[PDB]
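Colleague: Dropping a structure here in structure tokens format, bear with me for questions.
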Amino acid sequence: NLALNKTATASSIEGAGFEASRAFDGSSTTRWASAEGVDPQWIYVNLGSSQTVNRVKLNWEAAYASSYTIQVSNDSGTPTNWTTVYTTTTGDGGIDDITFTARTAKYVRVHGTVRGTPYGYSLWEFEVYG
């Protein structure tokens, strides 16, 4: 869990800094919220180092998401090729749990185009480990 606190970049935001600062921060005080606008929408984290990923935890408040994918890019070595870990289009089952192969990359990115509501994004807790 190296990118489980660092700074992340989100295409859309609910306000001024709601990108992913308090999203992967695991801050129980405040939750991560995003405002709808331009789609599709995606969010990735920044670290600068090469880390592996396979398990990802995602929660929803009220505006649960419909479809979503988990990809990763390793620009630290080859800023061109893209590697994925898991892909889903259902996003249904209360808690969002993603468990697949352990891909190696620099930063992780989350794709999202299909939503289960007009609301941008709603996250209460985010867990990401190597």
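Letters for chains follow the order of the structure tokens (A, B, ...), residue numbers begin at 1 for each chain, and ligand numbers begin at 1 in the order shown.
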Write down as a VMD selection string the residues of stretch 51-99 of chain A whose backbone DSSP state falls under strand (DSSP E or B).

Modeller: chain A and resid 51 to 58 65 68 to 73 79 81 to 88 96 to 99

Colleague: Using only C-alpha atoms, determine which residues lie at most 7 Å from stretch 38-47 of chain A, disregarding the query and same-chain residues fewer than 5 positions distant; provide the list as an mmCIF file with N, CA and C atoms, in the first residue's frame.

Modeller:
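New file part08.cif:
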```
data_model
loop_
_atom_site.group_PDB
_atom_site.id
_atom_site.type_symbol
_atom_site.label_atom_id
_atom_site.label_comp_id
_atom_site.auth_asym_id
_atom_site.auth_seq_id
_atom_site.Cartn_x
_atom_site.Cartn_y
_atom_site.Cartn_z
ATOM 1 N N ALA A 3 0.546 3.700 -2.657
ATOM 2 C CA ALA A 3 -0.298 4.764 -3.189
ATOM 3 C C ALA A 3 -1.584 4.899 -2.383
ATOM 4 N N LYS A 6 -0.789 8.799 -1.070
ATOM 5 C CA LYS A 6 -0.204 9.772 -1.985
ATOM 6 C C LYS A 6 -1.291 10.594 -2.671
ATOM 7 N N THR A 7 -0.878 11.465 -3.588
ATOM 8 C CA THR A 7 -1.816 12.309 -4.317
ATOM 9 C C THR A 7 -2.300 11.623 -5.589
ATOM 10 N N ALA A 8 -3.578 11.804 -5.903
ATOM 11 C CA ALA A 8 -4.164 11.204 -7.096
ATOM 12 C C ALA A 8 -4.757 12.270 -8.012
ATOM 13 N N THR A 9 -4.982 11.904 -9.270
ATOM 14 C CA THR A 9 -5.545 12.828 -10.246
ATOM 15 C C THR A 9 -6.878 12.321 -10.780
ATOM 16 N N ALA A 10 -7.911 13.149 -10.667
ATOM 17 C CA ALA A 10 -9.240 12.785 -11.141
ATOM 18 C C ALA A 10 -9.742 13.778 -12.184
ATOM 19 N N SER A 11 -10.330 13.257 -13.256
ATOM 20 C CA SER A 11 -10.850 14.098 -14.327
ATOM 21 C C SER A 11 -11.953 15.017 -13.810
ATOM 22 N N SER A 12 -12.816 14.474 -12.957
ATOM 23 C CA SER A 12 -13.919 15.243 -12.392
ATOM 24 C C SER A 12 -13.760 15.389 -10.881
ATOM 25 N N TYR A 107 1.813 3.541 -11.764
ATOM 26 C CA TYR A 107 0.609 4.102 -11.164
ATOM 27 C C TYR A 107 -0.633 3.338 -11.618
ATOM 28 N N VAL A 108 -1.677 3.379 -10.797
ATOM 29 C CA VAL A 108 -2.925 2.694 -11.113
ATOM 30 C C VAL A 108 -4.002 3.683 -11.542
ATOM 31 N N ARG A 109 -4.871 3.247 -12.448
ATOM 32 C CA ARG A 109 -5.949 4.095 -12.942
ATOM 33 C C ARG A 109 -7.278 3.346 -12.933
ATOM 34 N N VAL A 110 -8.352 4.060 -12.611
ATOM 35 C CA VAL A 110 -9.682 3.464 -12.565
ATOM 36 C C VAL A 110 -10.591 4.066 -13.630
ATOM 37 N N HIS A 111 -11.113 3.214 -14.506
ATOM 38 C CA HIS A 111 -12.001 3.661 -15.574
ATOM 39 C C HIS A 111 -13.461 3.563 -15.144
ATOM 40 N N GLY A 112 -14.255 4.558 -15.530
ATOM 41 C CA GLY A 112 -15.661 4.564 -15.174
ATOM 42 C C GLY A 112 -16.501 5.373 -16.144
ATOM 43 N N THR A 113 -17.421 4.702 -16.831
ATOM 44 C CA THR A 113 -18.289 5.365 -17.795
ATOM 45 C C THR A 113 -19.759 5.149 -17.452
#
```

Colleague: Contacts of stretch 53-69 of chain A at 9 Å or less, counting only C-alpha atoms, minus same-chain residues fewer than 4 places along, as an MDAnalysis selection string?

Modeller: chainID A and resid 42 84:92 94:105 108:130

Colleague: Leaving out residue A:24 and any residue of its chain fewer than 2 positions from it, which residues lie within 7 Å of it when counting only C-alpha atoms, given as a PyMOL selection string?

Modeller: chain A and resi 4-5+20-22+26+126-127

Colleague: Using atom CA of residue A:81 and atom CA of residue A:1 as the two end points, give the distance in Å to one decimal.

Modeller: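 These atoms are spaced 23.2 Å apart.
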
Colleague: So how many Å separate atom CA of residue A:19 and atom CA of residue A:35, to one decimal?

Modeller: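 Answer for the atom CA of residue A:19 to atom CA of residue A:35 separation: 9.7 Å.
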
Colleague: For the atom pair atom CA of residue A:17 and atom CA of residue A:33, what is the interatomic distance in Å to one decimal place?

Modeller: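 Pair atom CA of residue A:17 / atom CA of residue A:33 returns 9.9 Å.
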
Colleague: Which residue out of A:71, A:25, A:83, A:77 has the minimum interatomic distance to residue A:2 when only C-alpha atoms are used?

Modeller: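 Among the listed residues, the smallest separation from residue A:2 belongs to A:25.
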